[PDB]
Protein chains: 2
Amino acid sequence: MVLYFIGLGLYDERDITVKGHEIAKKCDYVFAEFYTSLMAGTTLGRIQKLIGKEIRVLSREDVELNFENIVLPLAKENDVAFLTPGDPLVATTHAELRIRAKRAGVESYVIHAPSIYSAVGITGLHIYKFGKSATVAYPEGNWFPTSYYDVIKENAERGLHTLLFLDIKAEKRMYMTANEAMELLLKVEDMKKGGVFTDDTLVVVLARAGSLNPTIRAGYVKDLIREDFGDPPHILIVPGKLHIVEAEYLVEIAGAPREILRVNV
Amino acid sequence: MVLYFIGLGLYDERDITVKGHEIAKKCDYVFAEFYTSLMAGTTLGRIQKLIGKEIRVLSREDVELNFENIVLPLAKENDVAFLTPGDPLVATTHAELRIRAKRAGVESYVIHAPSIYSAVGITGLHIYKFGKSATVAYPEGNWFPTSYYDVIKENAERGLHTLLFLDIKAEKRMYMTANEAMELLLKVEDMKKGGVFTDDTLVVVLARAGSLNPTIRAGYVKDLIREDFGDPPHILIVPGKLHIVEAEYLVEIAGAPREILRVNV
Ligand SMILES: Nc1ncnc2c1ncn2[C@@H]1O[C@H](CSCC[C@H](N)C(=O)O)[C@@H](O)[C@H]1O
Ligand code: NA
């Protein structure tokens, strides 16, 4: 009678850890949500087949409003698993769900899995150099979010890299592309004119991290804003001041313009 | 003709992903390094048994100086795997190893695994709020490094959390405890007197992330500086101002004092 928060990883069903696999296999009931992120290389059936269990998929409302009515009750009798893409407690509000479990007298355990937060290392940018992170959100009616623009500015002034998660509207099967994120950022620049994100800004796009052949591209906005980076999900990164080895990697591995090799220390 | 950079995960032999396990199992040669970190919850023998392959351990010099002479030659006519604790490419100098592979006409692929960079999410602290990261190094001889202190200052100053890696002597299997890290910081505070780290500073300690029973403790330095967090490795986090939900989690899950619900929010 316990609850397991189990991460499924970045791209397909094999991104789950062996630990999560073996534990998930032995749970009595298995729940999951697929709205916090997109696992582009697998399907529910493949995940179900891998753990040999039928998976009840929950919506954001089920989780956020009814977690303790749908999931917790069964944990007070059986071993329950709650699966999520990536790492269960990263860039989500899932940690709070552990507080709910505790208050219901249910013990919970966390099984981590690869997360985009660390997978950014494949871009060649030193992970310790990443500053505050943010999310580029889709404008809604008259509401046009812009906070993420200030995050980039703050990090950039400190010479730190900025990780930008991209919006997702799972119910409409909408996944923001790096292209759309760049368009939105240029518009915010026009509005704020802080010289933070322009046609000459160097950016890095990582698409489908976790797959064997993710798309890793670096370059100036003017050249990438209309480039095809393949299917979602995508994440956008605005590097801060680069170390020489970072620039070298971006050029040799991400096909960046050879001119960025010339860092202005 | 292929080199696989494969992450071993956080704590034990089951922390590798299903993808990493299956791929490594099929490789003709399997290399590993345990100088950037150790897998405290397992042994080389247990990792070898799970992978079903004998593993050749490489020292720091073997990798940084002779990667192209030890690993790459074999990857030209065989499938070779290179295992590292955590997520591959997280360690600062590892990304450059892919450039070496390209230079030798070797294709390389990255198989991710959980990293402490994302696993710290189990502390209840929002991942987007983490700023620049740093490592606490022991002073020695006429050298007393203090940069990690400036990192805390710059982060907290902007309401950001600071992830602190603690000094490790992998070869000698010697670890810096969170207790020791706190003492150094207090000693650095006495010299710089910037009001950054004191007896009243709230900190979070994470030990054995990845195991099913990690140690997660939060509290003021005056109360935790002599507490026993168990066996290494320990990770120290100096949070910035907390969101009320972060504080509630630290109180309910990490045993933090109720006091933080009003003092650090
Ligand atoms: N495999 C992947 N490749 C690129 N971006 C990814 C990704 N997985 C997640 N993301 C990014 O992160 C957003 C989800 S945020 C939730 C992240 C998740 N808990 C984790 O640990 O990864 C997506 O909209 C996307 O922008
Ligand atoms: Na970070």
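Note that Cβ sites are derived from N, Cα and C of the backbone, with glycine treated the same way.
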Binding-site annotation, Swiss-Prot, S-adenosyl-L-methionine: partner of A:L10, A:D87, A:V90, A:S115, A:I116, A:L166, A:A209 in A:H234, A:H243: A:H234
Filtered A:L10, A:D87, A:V90, A:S115, A:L166, A:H234 - binding-site residues with C-beta under 8 A from chain B: A:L10, A:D87, A:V90, A:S115
C-beta crowding around A:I116 (S-adenosyl-L-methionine binding site), within 10 angstroms: 22
Under 8 Å by Cβ from A:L166 (S-adenosyl-L-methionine binding site), counting only residues of that chain that are 6 or more apart: A:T135, A:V136, A:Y175, A:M176, A:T177, A:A178, A:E180, A:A181, A:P232, A:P233, A:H234, A:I235, A:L236
Binding-site residues compared (A:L10, A:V90, A:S115, A:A209, A:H234) - the one with the fewest other Cβ atoms within 10 Å: A:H234
Cβ atoms near A:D87 (S-adenosyl-L-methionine binding site) (within 10 Å, other residues, all chains): 33
